[PDB]
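Chain letters run A, B, ... following the sequence lines, proteins first and then strands; every chain starts at 1. What you see below is based on every heavy atom in this structure, not just the backbone, and it leaves out hydrogens, waters and symmetry mates. We count ligands from 1, going down the list as the structure has it; atoms in each ligand are counted the same way.
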2 protein chains.
Amino acid sequence: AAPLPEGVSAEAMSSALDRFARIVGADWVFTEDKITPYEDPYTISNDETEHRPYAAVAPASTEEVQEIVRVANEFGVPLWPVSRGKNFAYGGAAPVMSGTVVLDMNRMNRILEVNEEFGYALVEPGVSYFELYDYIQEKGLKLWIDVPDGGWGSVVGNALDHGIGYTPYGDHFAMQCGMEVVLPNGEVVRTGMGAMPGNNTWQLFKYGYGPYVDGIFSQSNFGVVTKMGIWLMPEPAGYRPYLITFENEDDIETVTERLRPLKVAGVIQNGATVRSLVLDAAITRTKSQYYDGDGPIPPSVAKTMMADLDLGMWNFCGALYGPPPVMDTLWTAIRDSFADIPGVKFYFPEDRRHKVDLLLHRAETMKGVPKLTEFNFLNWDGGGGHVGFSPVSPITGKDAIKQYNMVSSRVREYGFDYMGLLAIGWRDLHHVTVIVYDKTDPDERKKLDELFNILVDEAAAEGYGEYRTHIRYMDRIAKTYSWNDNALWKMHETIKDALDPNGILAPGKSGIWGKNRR
Amino acid sequence: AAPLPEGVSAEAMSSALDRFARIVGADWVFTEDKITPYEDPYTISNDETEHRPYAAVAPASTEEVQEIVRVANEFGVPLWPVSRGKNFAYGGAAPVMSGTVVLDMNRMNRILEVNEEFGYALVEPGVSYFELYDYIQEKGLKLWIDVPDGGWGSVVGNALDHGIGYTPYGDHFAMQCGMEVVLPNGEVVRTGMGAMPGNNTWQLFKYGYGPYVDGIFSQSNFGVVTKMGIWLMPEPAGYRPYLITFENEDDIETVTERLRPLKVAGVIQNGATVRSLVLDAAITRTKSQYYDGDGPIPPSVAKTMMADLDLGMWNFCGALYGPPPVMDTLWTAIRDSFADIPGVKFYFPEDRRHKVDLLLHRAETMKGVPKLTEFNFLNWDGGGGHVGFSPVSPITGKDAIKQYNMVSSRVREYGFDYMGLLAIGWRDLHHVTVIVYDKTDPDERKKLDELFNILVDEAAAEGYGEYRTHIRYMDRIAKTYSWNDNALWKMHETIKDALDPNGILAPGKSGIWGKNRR
Ligand SMILES: Cc1cc2nc3c(=O)[nH]c(=O)nc-3n(C[C@H](O)[C@H](O)[C@H](O)COP(=O)(O)OP(=O)(O)OC[C@H]3O[C@@H](n4cnc5c(N)ncnc54)[C@H](O)[C@@H]3O)c2cc1C
Ligand SMILES: Cc1cc2nc3c(=O)[nH]c(=O)nc-3n(C[C@H](O)[C@H](O)[C@H](O)COP(=O)(O)OP(=O)(O)OC[C@H]3O[C@@H](n4cnc5c(N)ncnc54)[C@H](O)[C@@H]3O)c2cc1C
């Protein structure tokens, strides 16, 4: 079973569960066997006392949330809010500290507004990418959404976690506009213009007046977000996805050099993604279809996969947006930036000879169509879980290839296949390492945990820091931001103790604890 | 003279001034007659005990700032930070509360970095738009800056106040990336990746890890910003400014309807500005050159000015950016959106027959060239000060014209000329009212103060709220954001008391006081 959270009497916990049950009704308080949906689905720990949720409560309304939060204060019980809790590779729905009651906000799934003239939506945390896409299609509205690679997750939760997608609206939190928040004391606030009664501008103007605070409720335990606005891209007048491939692994140095001017200037309109061979292949193939051995793939097999699949060692999947004349012009600039590189190949969808193909999968993603089929890389090695590591770096060939060499060697010494991606947002490069592992085998869990720790350690030392991580690694990633004896987190701790003096909101999120657990 | 701030002994103040003088050296502590630079230059109050600064201290370094702040705590003296304090129409350098020691950061004017590959700058608060433009030109770097209408002011201070400009980088705070902050206790923090020692990514990636807090130091008294990064637009491959004019005052309803789709989609790349006749004329003419009477201008004079100056009743000044093919395409969409409106006229600079002309002034602004000559509207009526009122509204003809009728009537009943502007950022319309008044005449001060109060009152009631205001009106503008008995400001007060328990930072900025003055 799961243990009580330290400092919390068994009487006080059962008093809390009863008063929660009055608030949401007895049907919506979960214990015992009902609680396995809220486990980490991709186990990393070998210790079964860690990241174990104790109960779940699922309110219907903002006001029920406040009532819980007030109760949680009275009995000093901690809560762990999830919008839908489909945060795979980050912990799923599970809390950092054991003993935590999960506040599940699935049921709060109303789409309050979708406005076509102004290109926005106002949504509760329960609304998924699938629900929002389907609503938009059904009503015939000319708006695109921006989806991660799995659309069963939360428009809100993903944005609060600094999620990304693959359209020009790829920076989810950046497109957030207006929120309603239940503070850790149980008071309700609205940010920006929503603080102004009678406004029709909540989702039109981010700032409102005075200190801009939306951001303090992202990657945070300073409040529970119960409503959130997000800007939506008007349907454009044109759309052309492409794939550029490169033959050699060393190609990533010059390729990254040429993306810099294109990205900084905005000639490329979405995030640029340059994916390694195995990461792309694993969408439509598995390792055992190409190699017998338990080890990572030898070079000769890599060549086979390249020739079969029409993929390079690096694969740049992008998309043009806008009227055909603009697209033609941007394409001339993009293509010309890469033409002189030996081995380079350029494809539009018509030129892909396979009808089950990387480019045809990612054409859907790059126009905001949510889909299940990215999760296919999970099957590369017979079926397991994934871990991601995605630190930030300057957009430089030299930083690109250093990260590639550093990571690929260690991943491969550990017997995993190198699956990596060079992503660029706007001025920021991320080298994303994804490691598929057997979540059911404790010997591979020990291996993966150690590998992850080392990668983080070696990346930080070169200046590369993580921006989003798994519940398990939250403290570790916090300790990377340590300038002036951890001055930043001390300020976080100061705000935490002011908004949450009893520390009853997600103790340990982003490595923020509060005075009682510190 | 100026009075001591309430609650502060005369001994304690002179102890503070001495220990400040040890910190920055005696040359850099200002009293008595040295203190008139830091008065409000555009007097609104008739009471000479209000917004009166008591002393000024001008440190050299971040560490001097911290020392002051620690001293300020010991003796409970309040500080009012200005970067350069050239905040005209908002109070200049003056504090809301009297008695406040001005912390002047002019001397901290080093440009720490300008990076061409990555399109950013790292600047101290003392750096003006003029200094940054001149540095960029001198070193030959292909970067544009984004300037307000007066470039003698602070890249930092303007961004912290939510300032705007007229290029695609018009949203200044939005382009902010990374800051160093001295907290009200005197500790120093860096946000985002700057918290990570050895980073080369401080100005490349906004968020870093965990709660995003940059925004809490804008329009705020939660800290003193001592360094700040800002993204800079790479020099584009082309640039074509334009002016579209319209004959009738009612034209602003359809004009605003057609801008909506263009702005939401981003076809117009900079903020759209549609300026009333007098606001544009006053750049190159004065009232007395057209009309004798003390009143506002009659219609017959308006017609004269239109025919002389080749200006309409509304004037849409915009600019295309990028390679000629993209510009041609965007122009076709823009022009076609307006062609069917009776009286419409379209001009590029070549088609302006005057060599001292609105379009040739604003061509400079819309490519990031700082210039003095906007301040010319100040001379319309013989020379005075300005007040601005710029609330937010949905991008709607109906909201545009309601605001026009509401404001123009009252401004004109009060004997001022209607000078207004319809601006659009991205999804946000602002009706900006600018009122030029005689700052030296107390009867016109009473009039302007009353008018301003009424405008605010009538605009709020229709859903339109102010986002930036004069020191004098800060409390009033705060009280507009009152949903749930002022729940938002109560949270601001909570964070204020946690970061600033002794309340020694800009008491009253954005209507935030702290527990000792509340
Ligand atoms: C194969 C694979 C591919 C993926 N691809 C992508 C991708 O392309 N892009 C991407 O962004 N992600 C991606 N992810 C991660 C994940 O799938 C999505 O980000 C997912 O949408 C997040 O889960 P969710 O939306 O349910 O958010 P939630 O689980 O609801 O929220 C995530 C976290 O945010 C916090 N939180 C949530 N709601 C609130 C609230 N109301 N108040 C306060 N805090 C709150 C909590 O701490 C929670 O743990 C991928 C994962 C896998 C395994
Ligand atoms: C005719 C006219 C035209 C104008 N046109 C424009 C325009 O086009 N666009 C525009 O944006 N503005 C415009 N303004 C307003 C003003 O000219 C500029 O915004 C100006 O640059 C702001 O003053 P500053 O840059 O010195 O900032 P400061 O005076 O240094 O700062 C403004 C405020 O920010 C806060 N602050 C400053 N530095 C710090 C710090 N380090 N830490 C904490 N708080 C701090 C303070 O409360 C200060 O009062 C105009 C004004 C006039 C009169």
Side-chain angles (χ1 to χ4, degrees), chain A residues 42 80-95 103 105 125 128-129 147-166 172 181 217-226 228 365 374-375 377-378 385-386 388 434 468 471 505-506 509-510, chain B residues 42 80-95 103 105 125 128-129 147-166 172 181 217-226 228 365 374-375 377-378 385-386 388 434 468 471 505-506 509-510:
Chain A
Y42 310 147
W80 193 283
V82 305
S83 301
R84 287 178 63 82
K86 301 269 186 269
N87 206 13
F88 300 149
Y90 297 116
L103 174 67
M105 290 200 284
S128 65
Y129 295 104
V147 296
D149 277 305
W152 41 35
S154 175
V155 178
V156 175
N158 170 291
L160 292 176
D161 219 19
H162 299 161
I164 63 158
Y166 305 93
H172 295 168
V181 184
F217 302 118
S218 70
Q219 288 192 351
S220 164
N221 55 14
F222 300 162
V224 188
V225 175
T226 50
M228 190 192 91
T365 311
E374 172 79 21
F375 272 56
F377 78 69
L378 284 193
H386 65 123
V434 4
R468 192 165 179 216
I471 50 171
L505 257 203
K509 179 71 182 106
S510 308
Chain B
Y42 310 147
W80 193 283
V82 305
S83 301
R84 287 178 63 82
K86 301 269 186 269
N87 206 13
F88 300 149
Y90 297 116
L103 174 67
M105 290 200 284
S128 65
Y129 295 104
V147 296
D149 277 305
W152 41 35
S154 175
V155 178
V156 175
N158 170 291
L160 292 176
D161 219 19
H162 299 161
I164 63 158
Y166 305 93
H172 295 168
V181 184
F217 302 118
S218 70
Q219 288 192 351
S220 164
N221 55 14
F222 300 162
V224 188
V225 175
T226 50
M228 190 192 91
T365 311
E374 172 79 21
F375 272 56
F377 78 69
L378 284 193
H386 65 123
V434 4
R468 192 165 179 216
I471 50 171
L505 257 203
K509 179 71 182 106
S510 308

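Here the heavy atom of the protein found nearest to atom 32 (C) of ligand 1 is A:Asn87 ND2, 3.2 Å. Protein heavy atom at the shortest distance from atom 49 (O) of ligand 2 is B:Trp80 NE1, 3.9 Å. Atom 12 (N) of ligand 2 has its closest protein heavy atom at B:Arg468 NH1, 3.4 Å. Looking from atom 4 (C) of ligand 2 to the surrounding protein, the closest heavy atom is B:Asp149 CB, 4.2 Å. Residue, atom and distance of the protein heavy atom nearest to atom 37 (C) of ligand 2 are B:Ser83 OG, 3.4 Å. Of the protein's non-hydrogen atoms, the one nearest atom 13 (C) of ligand 2 is B:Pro148 CB, 4.0 Å. Atom 18 (C) of ligand 2 has as its closest protein heavy atom B:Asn158 ND2, 3.6 Å. The protein heavy atom nearest to atom 53 (C) of ligand 2 is B:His386 NE2, 1.5 Å. Looking at atom 31 (O) of ligand 1, its nearest protein heavy atom turns out to be A:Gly157 CA, 3.7 Å. When hydrogens are left out, the protein atom nearest atom 36 (N) of ligand 2 is B:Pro81 O, 4.0 Å; that is the closest non-hydrogen contact.
Shown in contact with B:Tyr166 at under 4.0 Å from a heavy atom are these atoms of ligand 2, numbered in order with element: 7 (C), 8 (O). Atoms of ligand 1 lying under 4.0 Å from at least one heavy atom of A:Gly223, given by number and element, are 42 (N), 43 (C). Close approach of ligand 1 to A:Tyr90 is summarised as follows: ligand atoms under 4.0 Å from at least one heavy atom of the residue are 15 (C). Close approach of ligand 2 to B:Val225 is summarised as follows: ligand atoms under 4.0 Å from at least one heavy atom of the residue are 40 (C), 41 (N), 42 (N). Of all the atoms in ligand 2, the ones that sit under 4.0 Å from a non-hydrogen atom of B:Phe377 are 1 (C). Of all atoms in ligand 2, numbered sequentially from 1 with element shown, those under 4.0 Å from a heavy atom of B:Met105 are 41 (N). Numbered from 1 in the order shown, with element, the atoms of ligand 2 that lie under 4.0 Å from a heavy atom of B:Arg84 read 26 (O), 30 (O). Under a 4.0 Å criterion applied to the non-hydrogen atoms of B:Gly85, ligand 2 contributes the atoms 26 (O), 28 (P), 29 (O), 30 (O). Atoms of ligand 2 lying under 4.0 Å from at least one heavy atom of B:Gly163, given by number and element, are 11 (O).
B:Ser218 and B:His162 get closest at one heavy-atom pair: OG-NE2, 2.9 Å. Taking all atoms of both residues into account, the shortest heavy-atom contact from A:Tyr166 to A:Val147 is CD1-O, 3.8 Å. Residues B:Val155 and B:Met228 share a closest heavy-atom pair of O-CE, 4.0 Å. Across all their heavy atoms, A:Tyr42 and A:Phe375 have their closest contact at OH-CE2, 3.7 Å. In this structure, A:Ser83 and A:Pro125 approach most closely via the heavy-atom pair CB-O, 3.3 Å. Residues A:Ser128 and A:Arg84 approach most closely at CB-NE, 3.6 Å, considering heavy atoms.
Between A:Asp161 and A:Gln219 there is a side-chain heavy-atom pair separated by less than 4.5 Å. With a 4.5 Å cut-off on side-chain heavy atoms, A:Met105 and A:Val224 count as touching. Using a 4.5 Å heavy-atom cutoff, the side chains of B:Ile164 and B:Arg468 are not in contact. At least one side-chain heavy atom of B:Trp80 sits under 4.5 Å from a side-chain heavy atom of B:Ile471. Two residues are said to be in side-chain contact when any heavy atoms from C-beta on lie closer than 4.5 Å; A:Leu505 and A:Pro81 meet this criterion. No side-chain heavy atom of A:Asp149 sits under 4.5 Å from any side-chain heavy atom of A:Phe377.
Between atom 9 (N) of ligand 2 and the options B:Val155, B:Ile164, B:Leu505, B:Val147, the minimum heavy-atom separation is to B:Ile164. Within the set B:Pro95, B:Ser154, B:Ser128, the minimum heavy-atom distance to atom 25 (O) of ligand 2 is found for B:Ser154. Comparing B:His162, B:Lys86, B:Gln219, B:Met228 against atom 23 (O) of ligand 2, the shortest heavy-atom distance belongs to B:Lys86. Ranked by closest heavy atom to atom 44 (N) of ligand 2, the top entry among B:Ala93, B:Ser220, B:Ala506, B:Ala159 is B:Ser220. The closest heavy-atom contact to atom 3 (C) of ligand 1, among the options A:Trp152, A:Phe88, A:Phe375, comes from A:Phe375.
By the criterion of a heavy-atom distance under 4.0 Å, the side chain of A:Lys509, and not its backbone, is placed next to ligand 1. At a heavy-atom cutoff of 4.0 Å, ligand 1 is contacted by the side chain of A:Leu160 but not by its backbone.
Using cut-offs of 30° and 60° for the angle between ring planes, the A:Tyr129 and A:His172 rings count as tilted. Ring orientation note: the planes of B:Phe88 and B:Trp152 are nearly perpendicular, at an angle over 60° on the 30°/60° scale.
From A:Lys86, atom NZ reaches atom CG of A:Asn158 across 14.0 Å, with rounding to the nearest 0.5 Å.
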